[PDB]
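One chain follows as structure tokens, the form deposited in one PDB entry.
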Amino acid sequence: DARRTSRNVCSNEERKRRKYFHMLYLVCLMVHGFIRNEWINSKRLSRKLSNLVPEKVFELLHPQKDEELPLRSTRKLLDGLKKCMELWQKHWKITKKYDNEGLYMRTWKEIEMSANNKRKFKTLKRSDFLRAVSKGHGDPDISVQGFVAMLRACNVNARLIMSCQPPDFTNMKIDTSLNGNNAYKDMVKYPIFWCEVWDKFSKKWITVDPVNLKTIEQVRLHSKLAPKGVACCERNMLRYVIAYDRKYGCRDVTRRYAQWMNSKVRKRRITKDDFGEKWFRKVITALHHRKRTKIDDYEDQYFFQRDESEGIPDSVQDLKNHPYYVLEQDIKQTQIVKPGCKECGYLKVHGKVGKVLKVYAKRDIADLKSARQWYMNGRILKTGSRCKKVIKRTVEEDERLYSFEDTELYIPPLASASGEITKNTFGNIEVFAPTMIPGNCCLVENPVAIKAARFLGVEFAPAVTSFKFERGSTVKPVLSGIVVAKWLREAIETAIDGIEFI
């Protein structure tokens, strides 16, 4: 339909496939970085590149410790780095254009169509890579990788830095067309790979792009490598900047390069929700093959301060799903401000003179649940608990809401000697939490666990673990299994095992 295309959105089926594909693609990219990082460490290659660096220059890379002014040492470090940048330009005698978008972000349309057609699979093996680096023949990616390899062969702590460009799963457009004008020149305006070098004297990582921008910098708030401008970011959405080291580390070094990690960039990572958070953490863990150093501490201290200094964003949409902040206006009806708390900042509303909105820190916001809601977490209200908020709700009903500290942990009574469970009015035990299981019984979840118990004629209770909503209307409870006294568990598990005989 034409209206389907007017509003340029896609199906929920697509949303999920894009989200998954994003993840899949991301993993492969990251694994590519990890393997490439290995290749860099190549000993045959190392001893070759080492020769490209004069004694003088080598000495500048390891300057003597300066007591009175450690800054003078940083200076000497930077100097060696600069000279290294220069002789590398000299060494790299041929740069090629990228063949087709290199490792820059592809659009969905590009990917859908890519499968459809064949291409010339110019195979690259580990040896090829080494031979390329030593002759100085290759595209800008190989170039910096070789440069890293050189620095490591001078025993400098040089990282490979890769900004992974999987496709944007936040892009829900059905039409994902791009501007053809100056498309190449704008894509290569910022690199995908670069280098970081550790300054022991100042205890910060130095950022080195010897190939693309040809600069060395000491990132504080701004980085010359974070792509800027709508045009450029069409193929360079910065969101996963990964750092690989000599000792087969792997750190998410994005924080350094993202001015707005928390508002702008979070929205664009698979990490926006809690599932993705853990998922990503797993991928990192799988690539991090070393124990933690004091350097890791220094970098975390830097990142910690970078989060502190980002502060409240300039725009409303950026304070939409923020990890630390909420707009007064976005405080959910089921929430109140913790006693004796104000906003922690304000937001000048772009478009209206003197229009300003109160901003609260998320940590000063308390979540309230109703009597029932709490019970669905095995929690009941304390004796002398007054509620915090009241809401009108239809099934119009004043439902009272309570804070966590008004609640008490629900402990259910023990089962009798015979294992008799005390049950509700429907003849079951409600079990919504491990807490709701009686402390001398067990929950046995199995389609046939009920049948089994009945067969053994032994004392039990069916478990209402959740509710199913449906049909023309109304609700029906999900009986997922049994609660029985612990000493009957193996008897039950046996019966269950041989149900076909019952």
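Residue numbers run from 1 along the displayed sequence. Only the largest set of C-alpha atoms that superpose within 1.5 Å between the two forms is called the rigid core. Residues that one form lacks are left out of the comparison.
*Asks:* According to the entry, how many residues of the deposited sequence fall between residue 221 and residue 222 and are not modelled? Options: none, 1 to 3, 4 to 9, 10 or more.
*Replies:* Unmodelled stretch: none, continuous chain.
*Asks:* Averaging C-alpha B-factors over each stretch, which comes out higher, 110-118 or 164-172?
*Replies:* Comparing 110-118 with 164-172, the higher average CA B-factor belongs to 110-118.
*Asks:* 137-145 versus 119-127: which one carries the higher mean Cα B factor per the record?
*Replies:* Per the PDB record, 119-127.
*Asks:* What third of the chain, by the recorded C-alpha B-factor, contains residue 69?
*Replies:* Answer is highest: the recorded C-alpha B-factor places it there.
*Asks:* With respect to C-alpha B-factor, does residue 423 fall in the lowest, middle or highest third of the chain as deposited?
*Replies:* Top third by C-alpha B-factor.
*Asks:* Split the chain's modelled residues into thirds by Cα B-factor; is residue 351 in the lowest, middle or highest one?
*Replies:* Ranked within chain, residue 351 CA B lands in the middle tercile.
*Asks:* Using the B-factor values recorded in the entry, state whether the Cα atom of residue 92 falls in the lowest, middle or highest third among the modelled residues of its chain.
*Replies:* Answer is highest: the recorded C-alpha B-factor places it there.
*Asks:* Ordered by C-alpha B-factor within the chain, which third holds residue 237? Give me lowest, middle or highest, please.
*Replies:* Lowest third - that is where residue 237 ends up once the chain's C-alpha B-factors are sorted.
Although it is not shown, the form deposited in another entry is what the next lines describe.
*Asks:* At a threshold of 2 angstroms on the CA positions, core aligned, which residue out of 29, 53, 444, 61 shifts between the shown form and the other one?
*Replies:* Looking at each option in turn, only one qualifies, and it is 444.
*Asks:* If we fit on the core, is the Cα of residue 353 displaced 2 Å or more between the shown form and the other one?
*Replies:* Yes, its C-alpha moves 2 Å or more.
*Asks:* Core superposed first: is there a CA shift of 2 Å or greater at residue 39 between the shown form and the other one?
*Replies:* No, residue 39 moves less than 2 Å.
*Asks:* Could you check whether the CA atom of residue 405 moves 2 Å or more between the shown form and the other one, using the rigid core for the fit?
*Replies:* After core superposition, the C-alpha of residue 405 moves 2 Å or more between the shown form and the other one.
*Asks:* Rigid core aligned, which consecutive-residue runs (three or more long, every Cα at least 2 Å shifted) show up between the shown form and the other one?
*Replies:* Those runs whose C-alphas all shift by 2 Å or more are 4-8, 116-118, 328-342, 348-356, 362-393, 398-469, 476-502.
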